[PDB]
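So the structure is just underneath, and the comments pick up after that.
Coordinate-derived values only; no laboratory data. Here the Cβ positions follow ideal geometry from the backbone for every residue, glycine too, while neighbour counts run over all protein chains shown.
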There are 2 protein chains.
Amino acid sequence: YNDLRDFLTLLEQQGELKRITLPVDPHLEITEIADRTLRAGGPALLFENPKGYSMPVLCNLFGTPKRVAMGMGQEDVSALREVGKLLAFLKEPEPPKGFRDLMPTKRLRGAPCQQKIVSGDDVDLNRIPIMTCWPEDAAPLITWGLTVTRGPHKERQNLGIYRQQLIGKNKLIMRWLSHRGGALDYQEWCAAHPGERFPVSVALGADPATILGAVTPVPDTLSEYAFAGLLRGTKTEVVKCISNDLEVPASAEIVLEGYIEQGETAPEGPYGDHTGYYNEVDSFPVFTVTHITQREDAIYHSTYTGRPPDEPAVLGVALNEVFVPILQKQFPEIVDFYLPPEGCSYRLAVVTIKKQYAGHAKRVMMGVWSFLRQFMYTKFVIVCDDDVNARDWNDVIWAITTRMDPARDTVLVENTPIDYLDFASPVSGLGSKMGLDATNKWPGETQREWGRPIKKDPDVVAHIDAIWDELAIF
Amino acid sequence: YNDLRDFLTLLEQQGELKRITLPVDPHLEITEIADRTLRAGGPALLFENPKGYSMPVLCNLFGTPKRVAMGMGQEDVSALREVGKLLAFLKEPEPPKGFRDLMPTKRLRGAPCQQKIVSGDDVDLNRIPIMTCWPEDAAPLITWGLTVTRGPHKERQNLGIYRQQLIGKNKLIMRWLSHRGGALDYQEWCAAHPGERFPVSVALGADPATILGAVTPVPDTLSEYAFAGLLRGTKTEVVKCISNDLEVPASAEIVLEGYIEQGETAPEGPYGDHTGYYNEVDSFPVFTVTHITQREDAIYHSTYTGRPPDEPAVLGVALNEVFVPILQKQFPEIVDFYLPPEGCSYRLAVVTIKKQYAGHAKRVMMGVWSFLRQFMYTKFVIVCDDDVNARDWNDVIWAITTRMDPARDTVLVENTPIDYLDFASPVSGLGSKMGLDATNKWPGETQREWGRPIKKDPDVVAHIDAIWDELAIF
């Protein structure tokens, strides 16, 4: 509720947390245990005996949709929809001047995240149990922790999740993939104040809300921290940094302050990410840590990415539950909107609508590839009717195979924008998308007598639904 | 401002209104005069000497974007954008219950629209100067006038623009093309109270706001009349009908009350519409007028449809100016969004964006065919950069021809939903769309050195801009 600690005591009570006092190595061993754990439901893991470190390593926190929901003050995967409704409403708060005639950040003075402090001369990052994920990974990599930066002229600050490679006792690599967020504030600062070092701060182990707030996309009409307030219920308590004016959550577990030396870059050695493949070496800015501030008995929050199901993959499933309502408000025909993890969290989407006229499927298609920005890179879209479970491959494959004619019902559009790292494309940043509607064809779409689908009896599915537990089948 | 009369006195002062006291026939003669008039700017026309009628015929009211703007209490085509901003904001008024803890219709008792009244026995529609538009038209056809209906269970009422054919001294044809609006309230009433007559009322010559409100699409989170209030500035004054509970604007010029006899239908003889072609005969419900109420010295508001530029065509150009901001809020890359009349008000759209990455053009493409419902039938979309005037065919054709490779830069998608009346399609209600992006190609989209476009000097275009009037060239 207020900070991570409280979230873990809550989870531990609800059996959602497990403590591995046994000796475990943060060098690819924690991943293995976490992987198996996440691959089977599993609670959040808290290793308090990392081989060679004093900081317990906390991972797989949002390894279940349930826990993701809870982290947003909802305690119900379904409730996420309410968060979608909110997000929509936040976009248009006030009307234009023409017809207009008709949650602040609580800054504290002291903060537990500044209980212990070390700077410059002695800021050994080697003391932190930063973990290595896969055997061919370059080096230890910070995976969580929200990076905080500020523009050269905008008062508002941004929270970003960028993985950080350990290249020195006090140097990390700042991998700002996007052309927005922290990456924008930097290329902008370089303009306004060329040569002068760019201030940067990373907060590890903040309250679930500030974390999830940084994850969920929010309208520019609201500050990241602000959103966290609505989710949490109360205003988020931040605190001034030491070497800069940036603001980091006061309850954070560990906070890294430093800067980015204009021009200083470094090759981000190979790393395996959500796709399940290793990223090829690339150059990126290097973060210089001049200050490490933490709590007493602070725990290190960390995660990993690999072939899905992934820690982030599940976070995305939980996060897609919030977009559904935002998507429906736009296309009331949409019943369910789902993006299976196997499809790398965003590469494929299944949409089930209530078809009300021939050709309808194509509209939802274009809709998905254009409406929200988080679905511009998905290259596969399957449109189905409301009598199929978008989340059950048996239902979807049935639809594809019974109510579809490949050549006739497939829509291929070329030269669309695509993820720069999607090696499977013909050219970096440019590829094709495929839409396949498997909706019942209406007269016009077909000249044949369509099949009468088997529809279960509501009362029966309801009766055995109650007697089910009495039938000790499992 | 308050009623039509006031709008005409305003226009007549501003030279936007002309009175044709000369004898003119409402049988296709008024159209001819109006057509030429509209085809050259021209003011609204008010024929006060229709051959064989006592009611002056008022047409071509919104024959100019200027006048459309004015009719919305803006007096500026640009201001329409503010109306778009408003429309967007009206969609999401209040937040969900979860995080919630943090313009009525002035009904009068009397009304000028009920100053003169006739019913049943004597409700001759032949007294009204209903005009015939084209030589092959079936019969006189009411073209304006908002049809008011109410659902069998929803308190809210709808305003609709449906053309009405004169089939009797007191029978009109109710052409509810859509599957919504009045057409929905009828097929719904038939369910709730089968056999019982469906109440219907048509108001001719209402205040420009109520008219334009009925035209512009508004979110179901607001009543048609309500919207008119914001536009007008003051709440719209409505008044109870005589033979039903429907509410019509009290300042209306003429009001037709009656019902629709379940099952009673009639073939809507051929008529030429916006496309510039004659519609083929079709069956539709028949409106029985049991009551005709009007003002003293009431004028008949009427219009027509034919090959564009059309009275409605211009209304649409003015109405598209409001969607631009609603479109931009969604795709900030969109600079200008225009739909030329020649393309039948909606069949073609030109979009100019600020391309920020390869393949971008395709996104705005899908965006147009899916975002708003008023652009689902457009089958042609041209995407251009911000250095071209979307409203100047010279600029657009230049773009198409210089920065595009037909096969490479054209996107064809088949079996999309299309207007049931678009005879040019392979099958009714089903057709294909073509997207052609003529945006500068970026590396990846091409392997050739793209051309450096000629860009005018801002200061020069600015200098001759001032000295222009001094240069008596025209």
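Per the rotation superposing chains B and A, the chain B residue found at the smallest beta carbon distance from the axis is B:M366, 2, distance in Å. Applied to region A:32-40, the Karplus parametrisation 6.51 cos²θ - 1.76 cosθ + 1.60 on θ = phi - 60° returns per-residue 3J(HN,Hα) values of 3, 4, 5, 3, 3, 4, 5, 6, 9 Hz, with x for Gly and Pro. Can you give the calculated 222 nm mean residue ellipticity of chain A, where each DSSP H run of n ≥ 4 adds -39,500 (n - 2.57) and the sum is split over every residue, rounded to the nearest 500 deg cm²/dmol? It lands at -7500 deg cm²/dmol.
Ranked by how many other Cβ atoms sit within 10 Å of their own Cβ, fewest first, the residues B:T446, A:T105 fall in the order B:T446, A:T105. Put +1 on the Cβ of every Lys and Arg and -1 on every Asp and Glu Cβ in the protein assembly as shown; which of B:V427, B:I400, B:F89 then has its Cα farthest towards the positive end of the dipole? Positive-most Cα among the choices belongs to B:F89.
Straight-line cross-link partners of B:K169 among the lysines, defined as a Cα under 23 Å from its Cα and at least 8 positions apart when in the same chain: B:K51, B:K116. Each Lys and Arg Cβ is given +1 and each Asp and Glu Cβ -1; about its Cα centre, the protein assembly as shown then shows a dipole of about 480 debye.
Each of B:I353, B:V368, B:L319 was placed along the dipole of region B:268-384 (beta-carbon charges, centred on the mean Cα), and the one lying farthest toward the positive end is B:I353. For region A:323-440, the fraction of alpha-carbon pairs lying more than 20 Å apart is 38 percent, rounded to a whole number.
Peptide A:86-99 has a mean shielding of 6, counted as Cβ atoms of other protein chains within 10 Å of each residue's Cβ. Residue by residue, region B:146-162 carries 3J(HN,Hα) couplings of 8, 7, 10, 9, 9, x, x, 8, 8, 5, 5, 10, 10, 10, x, 9, 10 Hz when phi is fed to the Karplus relation 6.51 cos²θ - 1.76 cosθ + 1.60 (θ = phi - 60°); x denotes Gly or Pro.
By the beta-carbon count within 10 Å of each Cβ, the least crowded to most crowded order of A:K18, B:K66, A:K379, fewest first, is A:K18, B:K66, A:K379.
I need the per residue convex hull volume for the protein assembly as shown, using only the alpha carbons, in cubic angstrom as a whole number.
Values: hull volume 196.8 nm³, N = 948.
Each residue corresponds to 208 Å³ of Cα convex hull volume.
Against the empirical 2.2 N^0.38 Å (N residues), chain B has a Cα radius of gyration ratio of 1.05. Can you give me the C-alpha center-to-center distance between region A:190-257 and region B:139-213, rounded to a whole angstrom? Using only Cα atoms, the two centres lie 56 Å from each other. Here A:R408 yields copy-to-copy label distances, from shortest upward, of 3.5 nm, the label point defined as 7 Å from Cα along Cα to C-beta.
Summarising the amide proton neighbourhood of A:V24: residues at separation of 5 or more, or on other chains, whose placed amide H is nearer than 5 Å comprise A:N49, A:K51. Evaluated at q = 0.11, 0.19 Å⁻¹, a Debye calculation over the C-alpha positions of region B:285-364 (equal weights, vacuum) places log10 I(q)/I(0) at -0.51, -0.89. Residues B:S425, A:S223, ranked from the fewest to the most other C-beta atoms within 10 Å, line up as B:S425, A:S223. Checking the cross-link filter: which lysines have an alpha carbon closer than 17 Å to that of B:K235, excluding same-chain neighbours under 8 positions apart? Excluding near neighbours in sequence, the set is B:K106.
Charged side chains reduced to their Cβ positions (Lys and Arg at +1, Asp and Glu at -1) give region A:323-440 a dipole of some 340 debye around its Cα centre.
Pairwise over distinct Cα atoms, reciprocal of the mean inverse distance: report the Kirkwood radius of region A:223-336 in Å, one decimal place.
On the way: mean 1/r = 0.0550 Å⁻¹.
Hydrodynamic radius (Kirkwood, Cα only) of region A:223-336 equals 18.2 Å.
Charge dipole (Cα centre; +1 on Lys/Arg Cβ, -1 on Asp/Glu Cβ; no other charges) of region B:1-322 amounts to roughly 620 debye. Could you tell me which residue out of A:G168, A:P194, A:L184 lies farthest along the dipole of region A:165-286 toward its positive end? Charges go on the beta carbon: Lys and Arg +1, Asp and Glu -1, centred on the Cα centre. Of the candidates, A:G168 comes out farthest on the positive side.
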